[PDB]
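>>> Model the structure of this input:
(7 chains, ligands or ions: 1)
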Amino acid sequence: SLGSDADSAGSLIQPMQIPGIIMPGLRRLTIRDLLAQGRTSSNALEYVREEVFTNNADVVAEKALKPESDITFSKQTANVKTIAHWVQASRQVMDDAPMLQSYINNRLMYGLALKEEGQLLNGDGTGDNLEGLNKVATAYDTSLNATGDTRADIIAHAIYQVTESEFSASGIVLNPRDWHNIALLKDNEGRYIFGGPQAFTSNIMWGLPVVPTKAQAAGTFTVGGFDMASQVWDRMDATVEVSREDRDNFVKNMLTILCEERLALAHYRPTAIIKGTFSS
Amino acid sequence: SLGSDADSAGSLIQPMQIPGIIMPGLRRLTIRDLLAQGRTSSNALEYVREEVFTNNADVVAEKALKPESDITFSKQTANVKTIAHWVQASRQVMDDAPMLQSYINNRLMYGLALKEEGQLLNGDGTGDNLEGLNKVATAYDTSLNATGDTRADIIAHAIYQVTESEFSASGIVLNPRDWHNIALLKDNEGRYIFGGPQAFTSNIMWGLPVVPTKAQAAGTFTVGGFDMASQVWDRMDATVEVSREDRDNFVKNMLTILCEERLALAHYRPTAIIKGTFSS
Amino acid sequence: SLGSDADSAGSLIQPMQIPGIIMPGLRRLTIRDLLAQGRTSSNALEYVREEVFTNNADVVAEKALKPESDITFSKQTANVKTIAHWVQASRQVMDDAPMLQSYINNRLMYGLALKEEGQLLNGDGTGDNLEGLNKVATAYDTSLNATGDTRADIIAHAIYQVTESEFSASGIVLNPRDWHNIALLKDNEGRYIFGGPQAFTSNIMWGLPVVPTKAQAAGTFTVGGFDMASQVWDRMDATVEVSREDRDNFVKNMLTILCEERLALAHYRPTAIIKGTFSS
Amino acid sequence: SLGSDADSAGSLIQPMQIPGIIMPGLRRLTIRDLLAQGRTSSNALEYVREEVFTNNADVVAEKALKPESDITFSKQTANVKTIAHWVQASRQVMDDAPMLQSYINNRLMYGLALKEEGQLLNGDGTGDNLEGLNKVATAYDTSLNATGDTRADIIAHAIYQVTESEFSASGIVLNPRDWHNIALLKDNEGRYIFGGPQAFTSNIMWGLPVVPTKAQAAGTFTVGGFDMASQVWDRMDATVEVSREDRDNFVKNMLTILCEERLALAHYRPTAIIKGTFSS
Amino acid sequence: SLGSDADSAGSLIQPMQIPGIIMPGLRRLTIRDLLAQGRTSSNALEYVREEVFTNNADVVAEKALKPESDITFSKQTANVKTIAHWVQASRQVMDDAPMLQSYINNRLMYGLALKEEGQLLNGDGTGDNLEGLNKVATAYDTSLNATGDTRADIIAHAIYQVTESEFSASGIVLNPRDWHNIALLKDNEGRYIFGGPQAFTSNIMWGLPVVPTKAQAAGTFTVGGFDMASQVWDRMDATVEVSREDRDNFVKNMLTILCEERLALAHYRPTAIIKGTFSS
Amino acid sequence: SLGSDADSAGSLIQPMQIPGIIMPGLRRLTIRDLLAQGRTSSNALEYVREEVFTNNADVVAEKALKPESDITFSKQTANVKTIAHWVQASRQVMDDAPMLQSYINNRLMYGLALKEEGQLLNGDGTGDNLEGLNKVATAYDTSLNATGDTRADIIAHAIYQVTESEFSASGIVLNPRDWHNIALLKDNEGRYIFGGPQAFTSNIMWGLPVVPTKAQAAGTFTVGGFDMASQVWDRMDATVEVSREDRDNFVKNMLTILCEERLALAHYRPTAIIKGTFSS
Amino acid sequence: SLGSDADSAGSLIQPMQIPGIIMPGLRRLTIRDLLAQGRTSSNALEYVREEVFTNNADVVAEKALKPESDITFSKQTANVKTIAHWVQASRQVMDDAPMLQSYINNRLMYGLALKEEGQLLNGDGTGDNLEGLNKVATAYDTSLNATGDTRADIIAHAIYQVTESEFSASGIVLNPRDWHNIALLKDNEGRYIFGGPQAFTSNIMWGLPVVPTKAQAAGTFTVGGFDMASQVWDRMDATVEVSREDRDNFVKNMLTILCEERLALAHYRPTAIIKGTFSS
Ligand SMILES: [Cl-]
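Residues are numbered from 1 along each chain as shown, chains lettered A, B, ... in the order given. Find the structure here:
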């Protein structure tokens, strides 16, 4: 029998090629869009804030010595760090697969911006890393939690703790999973607090927008007045350059694709941001 | 006594014939329409996707060696298979009842497409069976279920799980029976969550359309972004041929009616589909 | 004293006549108008339907034996029966009260049609009786009932069982009393599911119309797609004739008023009709 | 001292007169306006209705004996009764107090009309009394009540019973007290079904108007299709006449004021009216 | 070191006196505005009402003696009374504090008006006092109360009792305290029957206005058709006069300030007012 | 290696200056705005209020002796106090940072006004402190509470207690945190009484504005008719003066910035202010 | 002999009536005339006294610290009292003698002014009495008397003692009898101490004015600086009013003539007033 198996006639048949490269799920970027954005041409920013206001004003008896008050100020420095990564590709690979280049570009670009989010939110603070929202932030006050509160109640309490600093909250940054569990929250009857089975409620809780990014660690939540608490200072926009002569390269038939960016994350009022943890 | 009895005069009376054959209910097809369609002329398809993106983009000190990143790709093959069935009928019958062939055709056609759905959805993966939505799909995360969730809560949970792929779902495929029990879902008060007795709620749950096909196994549910996860590739449309000489027909006054079709089911993004089981 | 008693002058006084005869509540006919109608001129109808479509289509390996399928058919017969009744009245009565004849006709006609409905629905299917919707119908699936379903829930389930045939339900035929006890259905709070005390809810349950006929025995309920599951075949329109010489009439100054009709109830798709019982 | 009591100057002071007589509350007449009205000039009315329509129409075998049906009629008589009362006052009083004349009229009129309503509803049937709604009315069907029905639920069952006569109900005649208790009906939560503290609900229950007349015995209720079940036949409109010579009047300077009226109450369809008793 | 002590110069410092007197809480007068008002110029008022209307109208046999009816009238007198009080102050106090004069006016005025309310509502009826709404009123009917009625349910029953008179109620006179406790009535769910936390419900219960006056004894309630059940007749408006020579005075350097008013309270229909007690 | 650090070329790089000085959360001032305001030029205020009004106004017979009444008055004193504080700054600092003065002013001005709030609310009476709202206040009436009242219910009762004074409540002075835990108040079913999870309800409870000041002690609540009950009297408006000669300043190049003000808080009607404690 | 004695024409002559009664009243200064006078519209007076004036003024070397002085003040109160008396006279008398009322007025005022002087001097300072000159005075300094010097010498010594107050003595207040004697004081030879009968002046001793008042207790003497150390404050000048209706006047044809006056007296320096006793 003359079949289609490989060891028979299969060879006479060419598999049909499906144009295109199947790109993975592209994550939606945020956080950065929550912050105030500026632009500089220096390697660092300096701003000044009042540190300690010792207000001793009080009532005074006649003929008596009045109270002495004092104010303190401090200078804060925000450095401009550099983020980047590169890739090396065979002169051949690049020539044999044309579109491969434009693909590698769009990936380093995204990748860069992805790790960028990473700093902005959970910025370690260690040596060269940026200091991010979640680090600068003031801890959530465990005392507001009351016997039997829905996770929803907590975020509420949180929006309040921002008020104690005397500023308006801007939004809520929950983890996609946490957000979900909050929406499907029910009442003692069985009804949906945010939205009956027809459709998921919109991304708005307690009057504020809700940003669900995977960037936010599962089980952690961040509430603040972002648009006014911190600011992102761009020194150099993300860019892609290519070198064929970089060291070894020429003599090895190699290319080097580079992608870098220069930022600076400033935190003006940390009292305006809050990080906390749901107690499960 | 001259009556309408058999053993009397009944014989003189001819029963009135009712035109045509009474065809049973025709199941409404679906699954297929949820997928992307296109045709080919090969015995198999080849598409290419990105495998591992090793993104080391990071923060870099001045004068320091930046980080090296990498990308990986893989070629995936999707084979074409063959679906068909045949009927053997006497030469006598066929000649005596004219429109019988016409009917047998329309019947095999349908019957074929019926089983076609079968594969597309519950495609085993063994031997030759197609790799169907339900197999490819990433398993439902039992983790999301919570103490006291309605079946609807789960479908919801599932709609979410699709998000972890970074694409949105496009429909819910439940079994007609399960769908019913979900619609008649009541609250602690005895009210209908979907529709007060006046009329059944539409086929829309959690913002997404609902596809109730018997094809879907009882107690099994499927949620995903079909229109972007898989594609059906037709090689040869459904067709019908007839043979007078097949096997030992000529010598038995027999005909053979054959109906076949050639497909290929491709699965680009599995992470975009989810298979689950109500556990109750 | 000259009074208006009997034994005085009351005799001189003529009672005023109220024109016309006071006719009892006229019942509203229905069952018939739910079915498809057509006339014939035979003593029986014959039609043919598909019985068992054994569809084995499947996936087939290269150069491997394909699956064999089959189809079955059955010839179904539907006899036409005769419904009628007669009345015997005196020549004298008939002559002394002109309008009496007219009345008697309209009455036999109605009374006949009344019992006609009786057959169409609860037709015993036995001896000479017609085969009624309720005998043909496929029994309600007891497995759909769930802990704590209201009567309403059941008709709901029922409306579904019609779907397993692949046809849409047409209406719900309940007993006038049962309909009532359903409307006054309350929730766990004592609220009226269909309509607060303000006004009775319309005769529409689960999107379908509701037909309340006393014909439907209390405790029994019928749901189906009548408009195309059965058909009524009229052989002889209901008519009225009169004989003066019947039996020994001529010699007793008697008249005989006869009213007959010839029907036939055909049942094409039984899977499209469902009968059940409320077990309270 | 010159005081304003009797013995002193009290006399010089004239009390101020409040114009007009203070009439007691006037009940609002109703039960009459519910029935159909008509004129007559007779001593009584006669009408004819069908009694037993023995309808045996059925299915009949071939060459078999048809079934015999029958009809029964009866003659019903409604007598005309007389209601009235007179009042005699002195010629002096009548001449000295001008408006007393008219006042006395409006009173006898109303008074008559009051007892009139009395007959119409609770008409004994004994001797000379009229036969009224509540007597004729068909007894409520205790079998419709169900464990845990509100008084409202009953009146609903009632409105239905009217339907078993194939006629629509016209209104509900309750006792002002009972109506009240029904409006303040509450649910298991404590909310008012019709009420809701802001204001009393309108006089409409189950789609029908509600007539609250004291005439209706406390604890008794009447539902029916009045405008089509009974008719009031007026022989003589309520009138007022005066006589100066009536018996020893002329010689006693006396007057006699008379007020009479002639009615007849007919009850065509009794099955259209229902009388019941709240049992609790 | 001279300061503001009593030892240094704080003597040369005289406090600044805040102009005028601090008048206490002036309550809202009401009871009066509920009643019909009119003026007169007499020692008292006389009005005439119907007493016993003996209506014997009935059904009368033929040529039989008809029923005799009767009407009784009575003349009711309503006397005018005098309400007043005076206050004497030293010529010195009066001359030394200029505005003390006008203050004593506004106080005697208000004070008078206050006790006026006193009579109008809870008027004793004894000796020289007035008969007040509450004395004349017909007692509440304890039999209307039902197992578990709210205080509101009662006032409701009350509003009905006013119907047995055949007039509509006009308002509800409750005690400020009782009102409050009613407004905050809740359901078994914890919801506010009259108004969710946002705002106190308006002073309207069962469709009627509500007057909360301290005048009304705590635990007591009054519902009636005030606007036309009683009427207030003014003979002399409240007036303030001053005497320099009253008895001693001239020789005791004293002044006498007098404030009087002349009323008359008429009660046309007592069956129109109800007085009851929340018994709990 | 030519780098950016200090040892290399860093020096050539000028950090970008963020214009402006970062001021902390500025608290919103209130309370003072709830009170009536006025001037004065003394070191204390003296006002007069009515104490006991013995109103014997009554009904009097003719020629009868009228009743005598009386009025009592109290004199009350409210002293003027002095609140202030000063800051000593270098002459150089002040000239080298132009806007530093402008800032120090708004900073003292504020701090002053802040401790001012302090007195006005939680006064004391102790020596130099002001006697404030919460001290003068009338105790909350514990008898108004009822089995199962929510915090809200209490403020409600409180808003009533202010009625006994015969004045209207003006606002509710809660502690920021209490207000929060009040808004998130839920019902027996679990849904939010004030705002669901959509958005925070506005600062309005029982129809009155809500004033949340940190000044108000946690757990303490104050309801009253502020705009009527008390009045703030200013002797000296909060002002700021500067001296270059104070003490040994001239010779040490120092400035002294002084900020003081002279108040006096008067409480006319205490019955109009209620203070209470939430017992958790 | 027509003469003018009784028995003749003496009757023709009517005596002329001397128009007007000559009113008494000495020509002398009054304890009043000696004091400073003012006016007030108040119930009392609040003045201030200088107590201790530590005057350390002195000579000072340049570059040297100057001397500190100090002043002490004290707050004093002085109430206003009332002096008055009335006369009851016949209305007839008062009309028949016109000049009579004019007298009674002046005479009642004169008499008032006497008792006025009385309080101004020997004012008990107790209950209703005024705080008089003598109650305040510092006692005379016996240590100034010389071996054998006249009563005159003493008053002279007193005039000196005043000086130690820092005020000049204004006048002398002796008893009439005493003054009469002190004036006729002679030496051991007969020459008058004062001035011979040649050019005798008046009430002037030691160049001061002298008030000879029977108010000044015999044997007592008052010397001080009246014109400045103390002053009279008038609230109401002496006035006369009349009442025709006073108590039972109207009905007795009587008139009541009242004469009152109200003042107060303040003493700014007691040390400036001196009282002593003549030891003889
Ligand atoms: Cl000499």
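>>> residues in the stretch 1-150 of chain A within reach of chain F, list them.
Taking CB under 8 Å from any CB of the partner chain as the measure of proximity, the stretch 1-150 of chain A contacts chain F at A:40-50, A:53, A:55-62, A:66-71, A:73, A:77, A:144, A:146. All C-beta spots, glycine's among them, are computed from the backbone N, C-alpha and C.
>>> filter these to the buried ones?
A:40, A:43-45, A:47, A:49, A:53, A:55, A:57-60, A:66-67, A:69, A:71, A:144 (16 or more other CB atoms under 10 Å in any protein chain shown).
>>> Within reach of chain E, which of those residues are there?
Contacts with chain E are made by none of those, judged by CB under 8 Å from any CB.
>>> from the residues you listed, which ones fall inside strands?
Counting by DSSP state E, those place A:44, A:45, A:47, A:49, A:53, A:58, A:59, A:71 in strands.
>>> Any chance of CSV for the residues you listed, columns distance to residue D:29?
What follows is these, written out as CSV (distance: CB to CB, whole Å):
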residue, distance to residue D:29
A:44, 97
A:45, 92
A:47, 89
A:49, 86
A:53, 84
A:58, 83
A:59, 81
A:71, 89
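>>> can you give me the helices for the stretch 51-200 of chain A?
If DSSP state H, counting those that start in this stretch is used as the criterion, the helices of the stretch 51-200 of chain A fall at A:91-96, A:100-122, A:133-136, A:151-163, A:176-183.
>>> can you list these in TSV and add distance to residue E:249 and mean neighbour count?
Compiled in TSV, the helices of the stretch 51-200 of chain A are given as follows (distance: least, CB to CB, whole Å; neighbours: other CB atoms under 10 Å in any protein chain shown):
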stretch	distance to residue E:249	mean neighbour count
helix A:91-96	123	13
helix A:100-122	90	19
helix A:133-136	84	22
helix A:151-163	68	22
helix A:176-183	83	20
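>>> For the closest residue to chain F within the stretch 151-280 of chain A, list the residues it contacts.
In the stretch 151-280 of chain A, the residue that lies nearest chain F is residue A:166 (2.6 Å; CB to the nearest CB). Applying CB atoms under 8 Å, 6 or more residues apart in numbering or on different chains to residue A:166 gives the contacts F:24, F:25, F:26, F:27, F:28.
>>> swap the cut-off to 10 Å and go again
By CB atoms under 10 Å, 6 or more residues apart in numbering or on different chains, the contact set of residue A:166 is A:269, A:271, A:272, F:24, F:25, F:26, F:27, F:28, F:214.
>>> In a markdown table, list the residues you listed along with secondary structure.
Formatted as a markdown table, those follow (DSSP: H, G, I helix; E, B strand; the rest coil):
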| residue | secondary structure |
| --- | --- |
| A:269 | coil |
| A:271 | helix |
| A:272 | helix |
| F:24 | coil |
| F:25 | coil |
| F:26 | coil |
| F:27 | coil |
| F:28 | coil |
| F:214 | coil |
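>>> Name the member of those with the most neighbours.
residue A:272 (26 neighbours; other CB atoms under 10 Å in any protein chain shown).
>>> residues contacting that one?
With CB under 10 Å, 6+ apart, residue A:272 has these contacts: A:136-138, A:162, A:165-170, A:223-230, F:25.
>>> With the flanking residues excluded, which residue is spatially nearest to it?
residue A:229 (3.9 Å; CB to CB, 6 or more residues apart in numbering or on different chains).
>>> follow-up on the earlier one: for residue E:89, find the nearest of the helices of the stretch 51-200 of chain A.
Comparison of these against residue E:89 by CB to CB identifies helix A:151-163 as nearest, at 57.3 Å.
>>> The closest one near chain F anywhere?
Yes: judged by CB under 10 Å from any CB of the partner chain, helix A:151-163 comes into contact with chain F through A:152, A:153, A:155, A:156, A:157, A:159, A:160, A:161, A:162, A:163.
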